Amino acid sequence: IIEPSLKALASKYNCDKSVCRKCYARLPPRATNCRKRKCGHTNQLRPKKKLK
Amino acid sequence: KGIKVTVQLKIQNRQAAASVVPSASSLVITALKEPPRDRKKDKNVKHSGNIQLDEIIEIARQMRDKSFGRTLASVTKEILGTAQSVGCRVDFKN
Amino acid sequence: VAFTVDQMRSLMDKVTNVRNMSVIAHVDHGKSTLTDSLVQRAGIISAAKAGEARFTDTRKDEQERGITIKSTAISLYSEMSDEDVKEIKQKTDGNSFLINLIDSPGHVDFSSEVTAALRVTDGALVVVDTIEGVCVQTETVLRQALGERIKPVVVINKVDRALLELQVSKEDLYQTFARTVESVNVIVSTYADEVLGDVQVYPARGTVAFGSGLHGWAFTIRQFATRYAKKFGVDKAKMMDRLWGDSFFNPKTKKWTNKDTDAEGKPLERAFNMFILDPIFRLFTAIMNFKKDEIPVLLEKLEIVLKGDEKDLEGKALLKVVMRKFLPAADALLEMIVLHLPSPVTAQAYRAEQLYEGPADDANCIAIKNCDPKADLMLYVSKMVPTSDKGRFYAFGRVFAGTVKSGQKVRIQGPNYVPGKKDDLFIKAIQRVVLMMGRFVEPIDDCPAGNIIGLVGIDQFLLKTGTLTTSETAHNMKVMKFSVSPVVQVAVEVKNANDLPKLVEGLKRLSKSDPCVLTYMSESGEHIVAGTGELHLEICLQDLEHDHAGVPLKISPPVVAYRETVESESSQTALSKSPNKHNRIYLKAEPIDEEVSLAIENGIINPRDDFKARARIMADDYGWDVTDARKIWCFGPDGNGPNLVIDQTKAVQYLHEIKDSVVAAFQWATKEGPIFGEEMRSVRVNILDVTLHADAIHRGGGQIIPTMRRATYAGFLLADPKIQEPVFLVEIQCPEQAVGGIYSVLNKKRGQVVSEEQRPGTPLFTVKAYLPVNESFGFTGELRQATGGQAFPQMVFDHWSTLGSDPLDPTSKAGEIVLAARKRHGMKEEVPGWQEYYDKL
Amino acid sequence: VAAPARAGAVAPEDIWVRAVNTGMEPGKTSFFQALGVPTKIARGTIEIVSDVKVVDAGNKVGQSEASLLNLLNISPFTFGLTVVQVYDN
RNA sequence: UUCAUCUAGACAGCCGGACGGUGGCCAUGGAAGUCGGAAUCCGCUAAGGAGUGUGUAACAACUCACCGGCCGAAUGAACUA
Ligand SMILES: CO[C@H]1[C@@H](O)[C@H](O)[C@H](OC[C@@]23C[C@@H]4[C@H](C)CC[C@H]4[C@@]4(C=O)C[C@@H]2C[C@H](C(C)C)[C@@]34C(=O)O)O[C@@H]1C
Ligand SMILES: Nc1nc2c(ncn2[C@@H]2O[C@H](COP(=O)(O)OP(=O)(O)O)[C@@H](O)[C@H]2O)c(=O)[nH]1
Ligand SMILES: [Mg+2]
């Protein structure tokens, strides 16, 4: 219904992120600095909790 | 032989089973060792060993996957001891 | 067709003219709606009436709620030509055929009606989907009928919603239904027996179909393979062979070639979607967009009848009218059933054996095997079929080899009756032979070998399920199976104590209306109920509130009870006295290892055996001193439990007369326990000193009661206060594609796994696990949700292991439970210590 | 020589294979479903009943494709650390 | 502000492999580099840590690592204001 390797490129958008531990914001897989200032720039990022 | 972390390869010809074991580091530490290093030890942890053995684990290294591709006894001058917390032999290993 | 009993028993007389099977599935895959269209097409009815539409006449109050719980084999009238029967490998003859087809609700957690419908038929109708294929639950019901030995028939249903609510593409829809085949090549290759050999179903021989319920359309490969075999000049069996795999006809080179490549490299589209699905695809855009550019004119290119009220409608309701006409309901369905799904006579050639078990080449066994319809009557009610006549219960059974009549005094035996007894062997005269019809039953008179029907007035003595034998040497069949095993528990006791007699009557009535159910009593004192699934249980419970019992019933989370044990030896010899301060009993409490304490409750060491020969057992091999065993007085609780009383004294000259006084007080003490209020386990008393004062006016009865009481009361507190918690045994069978999901359940819900094993190369594993009594209240849900319904928990009560916390400690596990246990009584809220129970000068 | 192979890095030659038995017990064929190839069972043993032209010679290889080709013992990086420059006495 | 790696050849970064003894000592229902704790070595080269994480039921496999081609030549560790 989505092909294994075709569903792999679908993750490169809504899966391979990094959730801010105070903003939640959707950012890059190797990014370590926030892009909004509702925190005034921070580095507290845990590669977004994907599926199991 | 060896009953804890011992690799066992089963090669069969459609109902004609032949036995061949990789003789892991676990198999050899019990291979030449006496009774307190062979049976009666399950509730009592095995972390005992120091006594020298010599060139006899040179032939025992010919049973532990020869995929190291170098010099047998010179490689175990490290393997048996730092990974083998049972037997210290000639204090030149660590 | 409107028949009469003679027309029924007419096709019943014909053994090879009956289709004994049910319906294997993967939940709501158009099974109930499939059978409704079959009565509307040509389903045999009674001596009058005319009822055709959809649901209603198959389900009742199940119609207002929404489910199918009545799985009966409604026999129908088939009209199979003599040319079809020309290659059927059966001894069948005629035009008027019979169809003994059962409903059977597919999904898991209800594999009760599922395993009981398999125990009364030679095959089954599997219903897989286009939007699902061959998944987990069909894997369940399919591998289930294979470890039972049945004939498989596929119907990729809802190809209607696969081209309307979605819509697929030509050759891509090839691998869609070809992948449902590659998924069937997986279940067959492992769970199919060597007794049937090559049985992987291929619609390349007309084994897999194509249909939809609200469309009234039923398609079989053989349908257009035969209505086109002649219009091509090709063999009938070789035309459907060049329709799967290397099948590319060229409307240019005009040849059925193997390779689709030409002298350039250009392809060739499938002749199956070129002569069978090509114009079939034209029927799609035909009514979907209303293209009268083909519609009626294309109707002649396909050979269809256009009648008045047909074009009198519009839209999708219009496409359903030509779907039931291009591929008619009863026509194509009864087609493959009367084709590769046999009659008891020709299919029992392998089924007969695993049916009747116990005796190798038994006498009645060879009769059931070759099938003799007038020999010694071999019947087995796989699960009674009670109705709604104020408690009018019937019996659902398979008449293997033999005839049954109205008023026959047969030996109605039970799974407890084995040749050398009379237990459950209630040889009673049957009042009348019943003939069930889909959802209702009417009065008939007799039936032979290879039939499916019921009996009445047997309910009065037959409990659960029963085998009907007229021959005494008759053993019985295999006691069902159930790889599901009930794993639900509830404190289903009276909400209104005035009608408790109604609850126990209906508890058996639940067993009466269920394939597998545990309606026992609690070891605490309440009425415990155990079901298959949560969904399952829930249903049978409201049914227990309306008719089965009929009045307010309060269900509560399964009230528990454990054992009161000791850890180390008693700290000091506990001295005791009477409310007189006269008689003084001094003793201690010692540890009984599993093998010897469990051996007490086993019967190896029992009071109803002389203390001389019982002392020999213990002394000689086990290792229990001879004088200590010839001194064991009482086995608390009552008189056979693992809480002994071994006397190790020497003085007190009046000990011999009030020996039973110490013994009887102790049976009363271990029964109504010290730490909370239940019974102990593995604690044997060692009485060392005692004092006998004045006459028996002070030596016995109640003067001696508060004595032996505070005696072991103080001793249990000194022998180390601990508890042995009740361990459960569950062996979950689940696919390797979900082994670590159950392992997650273990590293969480106390993984005391006895050991993990199975069969290297097969799907489902044999997961042996030790699990607490309470660590199992909802265990069913977590197991299947952890790794799909692929998990199958085998329940039963096991042993008692070491419990970490301490009883007298209010915040730790043990103590918190005990403090909550005393509020369960409705009194005292504390743990009284042995300090306020020890004796001094 | 010797050098077996790697997955999902290069798609060099056209992926071709014959149609006989592999002899493996039924298991990794749930992915052979969702993928789309003409398979069947030869009395239990997993048998390919057709010579398949899987993927092309010049595209992005991956996880799903390497699973079925690594079970066939196929090694596309058929090469071996060899020579470059030459010098003698 | 102290501290490194290098221009006849560094970084971030683009590309290729990822060794065995080893399914290491035990502990195991089950832990083969990746629940746990202690050992934390050399045979050999450019190199591969009893292994960075993911993911396995455990394997497997991906992959940080260490090592070669491309990198313009610098900016990385770390805090001060
Ligand atoms: C054959 O079906 C069996 C198995 O499912 C299993 O043996 C099950 O065990 C029930 C319990 C049995 C325990 C022993 C026999 C002593 C203590 C009893 C229990 C109460 O604490 C523990 C388990 C769970 C039940 C609590 C919840 C009241 C028991 C009971 O019958 O009361 O019983 C049914 C009838
Ligand atoms: N249109 C359409 N509806 C369906 C089909 N199958 C099931 N349904 C719907 O599902 C409802 C009940 O189905 P049910 O009898 O539970 O299916 P079963 O559990 O397999 O017997 C019907 O009222 C339909 O509306 C189908 O093939 N086509
Ligand atoms: Mg239904």
# chains A, B, ... in the order shown; residues from 1 in each chain; ligands from 1

call {"tool": "residues_around", "arguments": {"residues": "residue 160 of chain C", "least_positions_apart": "5", "cutoff": "8 Å", "atoms": "only C-alpha atoms (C1' of nucleotides)", "output": "number ranges by chain"}}
result
C: 211-212, 215

call {"tool": "residues_near_ligand", "arguments": {"ligand": "ligand 2", "cutoff": "10 Å", "atoms": "only C-alpha atoms (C1' of nucleotides) and all ligand atoms", "output": "ChimeraX atom specification"}}
result
/C:23,25-36,54-55,58-59,63,66-68,103-107,127-129,157-162,164-165,211-217,316,320

call {"tool": "interface_residues", "arguments": {"of": "chain C", "to": "chain E", "cutoff": "10 Å", "atoms": "only C-alpha atoms (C1' of nucleotides)", "output": "ChimeraX atom specification"}}
result
/C:736,738-744,747,751-757,767-769

call {"tool": "atom_distance", "arguments": {"atom1": "atom CA of residue 565 of chain C", "atom2": "atom CA of residue 643 of chain C"}}
result
9.0 Å

call {"tool": "residues_around", "arguments": {"residues": "segment 37-48 of chain E", "least_positions_apart": "4", "cutoff": "10 Å", "atoms": "only C-alpha atoms (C1' of nucleotides)", "output": "ChimeraX atom specification"}}
result
/B:47,68-85,93-94 /E:17-21,25-27,65-68

call {"tool": "write_last_selection", "arguments": {"atoms": "C-alpha atoms (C1' of nucleotides)", "output": "PDB file, in the first residue's frame"}}
result
ATOM      1  CA  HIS B  47      35.784 -16.236  37.589  1.00  0.00           C
ATOM      2  CA  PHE B  68      41.739 -14.488  12.584  1.00  0.00           C
ATOM      3  CA  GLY B  69      44.205 -15.017   9.622  1.00  0.00           C
ATOM      4  CA  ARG B  70      47.622 -14.390  11.346  1.00  0.00           C
ATOM      5  CA  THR B  71      49.741 -16.347  14.033  1.00  0.00           C
ATOM      6  CA  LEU B  72      47.653 -18.767  16.383  1.00  0.00           C
ATOM      7  CA  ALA B  73      49.411 -18.693  19.936  1.00  0.00           C
ATOM      8  CA  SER B  74      50.563 -15.001  19.479  1.00  0.00           C
ATOM      9  CA  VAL B  75      46.809 -13.872  19.158  1.00  0.00           C
ATOM     10  CA  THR B  76      45.602 -15.931  22.295  1.00  0.00           C
ATOM     11  CA  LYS B  77      48.480 -14.168  24.232  1.00  0.00           C
ATOM     12  CA  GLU B  78      45.556 -11.600  24.605  1.00  0.00           C
ATOM     13  CA  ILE B  79      42.163 -13.467  23.907  1.00  0.00           C
ATOM     14  CA  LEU B  80      42.361 -15.964  26.883  1.00  0.00           C
ATOM     15  CA  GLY B  81      42.322 -13.496  29.863  1.00  0.00           C
ATOM     16  CA  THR B  82      40.879 -10.009  28.954  1.00  0.00           C
ATOM     17  CA  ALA B  83      37.765 -11.735  27.429  1.00  0.00           C
ATOM     18  CA  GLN B  84      38.522 -14.999  29.421  1.00  0.00           C
ATOM     19  CA  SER B  85      37.989 -13.897  33.096  1.00  0.00           C
ATOM     20  CA  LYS B  93      48.233 -11.185  28.718  1.00  0.00           C
ATOM     21  CA  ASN B  94      46.162  -7.863  29.386  1.00  0.00           C
TER      22      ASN B  94
ATOM     23  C1'   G E  17      34.772  -1.117   4.017  1.00  0.00           C
ATOM     24  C1'   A E  18      32.239  -1.635   8.441  1.00  0.00           C
ATOM     25  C1'   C E  19      37.812  -8.440  10.563  1.00  0.00           C
ATOM     26  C1'   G E  20      38.585 -12.328  13.645  1.00  0.00           C
ATOM     27  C1'   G E  21      39.280 -14.797  18.476  1.00  0.00           C
ATOM     28  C1'   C E  25      33.837 -13.930  31.484  1.00  0.00           C
ATOM     29  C1'   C E  26      29.852 -15.009  33.480  1.00  0.00           C
ATOM     30  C1'   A E  27      24.781 -14.480  33.569  1.00  0.00           C
ATOM     31  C1'   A E  65      33.640   4.566  14.999  1.00  0.00           C
ATOM     32  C1'   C E  66      39.192   3.685  12.578  1.00  0.00           C
ATOM     33  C1'   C E  67      40.782   4.007   7.708  1.00  0.00           C
ATOM     34  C1'   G E  68      41.411   5.808   1.797  1.00  0.00           C
TER      35        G E  68
END

call {"tool": "atom_distance", "arguments": {"atom1": "atom CA of residue 72 of chain C", "atom2": "atom CA of residue 780 of chain C"}}
result
28.4 Å

call {"tool": "residues_around", "arguments": {"residues": "residue 23 of chain D", "least_positions_apart": "6", "cutoff": "9 Å", "atoms": "only C-alpha atoms (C1' of nucleotides)", "output": "MDAnalysis selection string"}}
result
chainID D and resid 42 44:47

call {"tool": "write_last_selection", "arguments": {"atoms": "C-alpha atoms", "output": "CSV table (one decimal), in the first residue's frame"}}
result
chain,number,residue,atom,x,y,z
D,42,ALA,CA,7.3,-27.7,-4.4
D,44,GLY,CA,7.2,-27.5,1.1
D,45,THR,CA,10.6,-26.3,-0.4
D,46,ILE,CA,10.3,-22.6,-1.7
D,47,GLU,CA,10.5,-22.9,-5.6

call {"tool": "select_by_dssp", "arguments": {"residues": "chain A", "states": "strand (DSSP E)", "output": "PyMOL selection string"}}
result
chain A and resi 18-20+26-27+45-46

call {"tool": "write_last_selection", "arguments": {"atoms": "C-alpha atoms", "output": "compact mmCIF listing (two decimals), in the first residue's frame"}}
result
# COMPACT_ATOMS: atom_id res chain seq x y z
CA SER A 18 14.02 16.19 15.95
CA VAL A 19 11.34 17.44 18.50
CA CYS A 20 12.28 20.53 20.65
CA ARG A 26 9.54 19.91 13.69
CA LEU A 27 13.30 20.36 12.75
CA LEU A 45 16.69 18.26 20.85
CA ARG A 46 15.93 14.48 20.97

call {"tool": "residues_around", "arguments": {"residues": "residue 50 of chain D", "least_positions_apart": "5", "cutoff": "10 Å", "atoms": "only C-alpha atoms (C1' of nucleotides)", "output": "JSON, numbers by chain"}}
result
{"C": [245, 246], "D": [17, 18, 19, 20, 37, 38, 39, 40]}

call {"tool": "interface_residues", "arguments": {"of": "chain E", "to": "chain D", "cutoff": "10 Å", "atoms": "only C-alpha atoms (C1' of nucleotides)", "output": "PDB file with N, CA, C and O atoms (P, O5', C5', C4', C3', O3' and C1' of nucleotides), in the first residue's frame"}}
result
ATOM      1  P     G E  16      28.847   5.162  -0.796  1.00  0.00           P
ATOM      2  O5'   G E  16      30.214   4.331  -0.716  1.00  0.00           O
ATOM      3  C5'   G E  16      30.628   3.426  -1.786  1.00  0.00           C
ATOM      4  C4'   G E  16      31.898   2.678  -1.398  1.00  0.00           C
ATOM      5  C3'   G E  16      31.867   1.919  -0.071  1.00  0.00           C
ATOM      6  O3'   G E  16      31.216   0.643  -0.137  1.00  0.00           O
ATOM      7  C1'   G E  16      33.861   3.190  -0.182  1.00  0.00           C
ATOM      8  P     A E  61      25.152  -9.931   8.863  1.00  0.00           P
ATOM      9  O5'   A E  61      24.399  -8.593   8.418  1.00  0.00           O
ATOM     10  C5'   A E  61      23.497  -8.588   7.288  1.00  0.00           C
ATOM     11  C4'   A E  61      22.548  -7.403   7.352  1.00  0.00           C
ATOM     12  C3'   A E  61      23.160  -6.024   7.546  1.00  0.00           C
ATOM     13  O3'   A E  61      23.778  -5.509   6.362  1.00  0.00           O
ATOM     14  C1'   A E  61      21.252  -6.221   8.931  1.00  0.00           C
ATOM     15  P     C E  62      24.963  -4.416   6.487  1.00  0.00           P
ATOM     16  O5'   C E  62      24.194  -3.075   6.898  1.00  0.00           O
ATOM     17  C5'   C E  62      23.164  -2.514   6.043  1.00  0.00           C
ATOM     18  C4'   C E  62      22.569  -1.257   6.656  1.00  0.00           C
ATOM     19  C3'   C E  62      23.554  -0.198   7.139  1.00  0.00           C
ATOM     20  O3'   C E  62      24.076   0.595   6.065  1.00  0.00           O
ATOM     21  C1'   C E  62      21.871  -0.509   8.780  1.00  0.00           C
TER      22        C E  62
END

call {"tool": "select_by_dssp", "arguments": {"residues": "chain D", "states": "alpha helix (DSSP H)", "output": "MDAnalysis selection string"}}
result
chainID D and resid 31:35 63:70

call {"tool": "decode", "arguments": {"residues": "segment 62-83 of chain B", "atoms": "N, CA, C and O atoms", "output": "compact mmCIF listing (two decimals), in the first residue's frame"}}
result
# COMPACT_ATOMS: atom_id res chain seq x y z
N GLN B 62 43.51 -23.82 17.18
CA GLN B 62 43.24 -24.46 15.87
C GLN B 62 41.74 -24.95 15.82
O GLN B 62 41.24 -25.37 14.75
N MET B 63 41.06 -24.90 16.97
CA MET B 63 39.61 -25.30 17.07
C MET B 63 38.64 -24.01 17.18
O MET B 63 37.45 -24.11 16.81
N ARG B 64 39.16 -22.88 17.69
CA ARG B 64 38.41 -21.56 17.85
C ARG B 64 38.50 -20.72 16.51
O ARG B 64 39.37 -19.84 16.40
N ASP B 65 37.59 -20.97 15.56
CA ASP B 65 37.53 -20.28 14.22
C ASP B 65 38.90 -19.58 13.80
O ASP B 65 39.21 -18.44 14.22
N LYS B 66 39.66 -20.30 12.96
CA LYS B 66 40.98 -19.88 12.43
C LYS B 66 40.77 -18.72 11.34
O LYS B 66 41.59 -18.55 10.41
N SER B 67 39.69 -17.95 11.51
CA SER B 67 39.33 -16.83 10.60
C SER B 67 40.04 -15.49 11.08
O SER B 67 39.74 -14.40 10.57
N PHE B 68 40.96 -15.63 12.04
CA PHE B 68 41.74 -14.49 12.58
C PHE B 68 42.88 -14.14 11.52
O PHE B 68 43.42 -13.02 11.50
N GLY B 69 43.20 -15.14 10.68
CA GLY B 69 44.21 -15.02 9.62
C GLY B 69 45.55 -14.36 9.94
O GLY B 69 45.92 -13.36 9.29
N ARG B 70 46.29 -14.93 10.91
CA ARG B 70 47.62 -14.39 11.35
C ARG B 70 48.55 -15.54 11.97
O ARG B 70 48.95 -16.50 11.27
N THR B 71 48.88 -15.39 13.27
CA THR B 71 49.74 -16.35 14.03
C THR B 71 48.97 -16.82 15.36
O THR B 71 48.89 -16.07 16.35
N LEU B 72 48.45 -18.06 15.31
CA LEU B 72 47.65 -18.77 16.38
C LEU B 72 47.97 -18.31 17.89
O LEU B 72 47.27 -17.43 18.45
N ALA B 73 48.99 -18.93 18.51
CA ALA B 73 49.41 -18.69 19.94
C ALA B 73 49.75 -17.18 20.26
O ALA B 73 49.56 -16.73 21.41
N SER B 74 50.24 -16.43 19.27
CA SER B 74 50.56 -15.00 19.48
C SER B 74 49.23 -14.17 19.70
O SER B 74 49.22 -13.21 20.48
N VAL B 75 48.13 -14.57 19.03
CA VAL B 75 46.81 -13.87 19.16
C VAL B 75 46.13 -14.23 20.55
O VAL B 75 45.54 -13.34 21.19
N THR B 76 46.22 -15.50 20.99
CA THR B 76 45.60 -15.93 22.30
C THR B 76 46.41 -15.33 23.50
O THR B 76 45.94 -15.35 24.65
N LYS B 77 47.62 -14.81 23.21
CA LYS B 77 48.48 -14.17 24.23
C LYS B 77 47.73 -12.86 24.71
O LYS B 77 48.31 -12.01 25.42
N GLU B 78 46.46 -12.75 24.30
CA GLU B 78 45.56 -11.60 24.60
C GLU B 78 44.07 -12.12 24.85
O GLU B 78 43.45 -11.80 25.89
N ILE B 79 43.55 -12.90 23.89
CA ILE B 79 42.16 -13.47 23.91
C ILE B 79 41.85 -14.14 25.30
O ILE B 79 40.98 -13.65 26.05
N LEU B 80 42.55 -15.24 25.60
CA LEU B 80 42.36 -15.96 26.88
C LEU B 80 42.90 -15.04 28.06
O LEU B 80 44.12 -14.93 28.27
N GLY B 81 41.97 -14.39 28.77
CA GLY B 81 42.32 -13.50 29.86
C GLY B 81 41.50 -12.21 29.94
O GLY B 81 40.72 -12.03 30.89
N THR B 82 41.65 -11.30 28.96
CA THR B 82 40.88 -10.01 28.95
C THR B 82 39.36 -10.27 28.61
O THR B 82 38.46 -9.54 29.05
N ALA B 83 39.12 -11.31 27.80
CA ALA B 83 37.76 -11.73 27.43
C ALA B 83 37.48 -13.03 28.28
O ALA B 83 36.32 -13.34 28.60
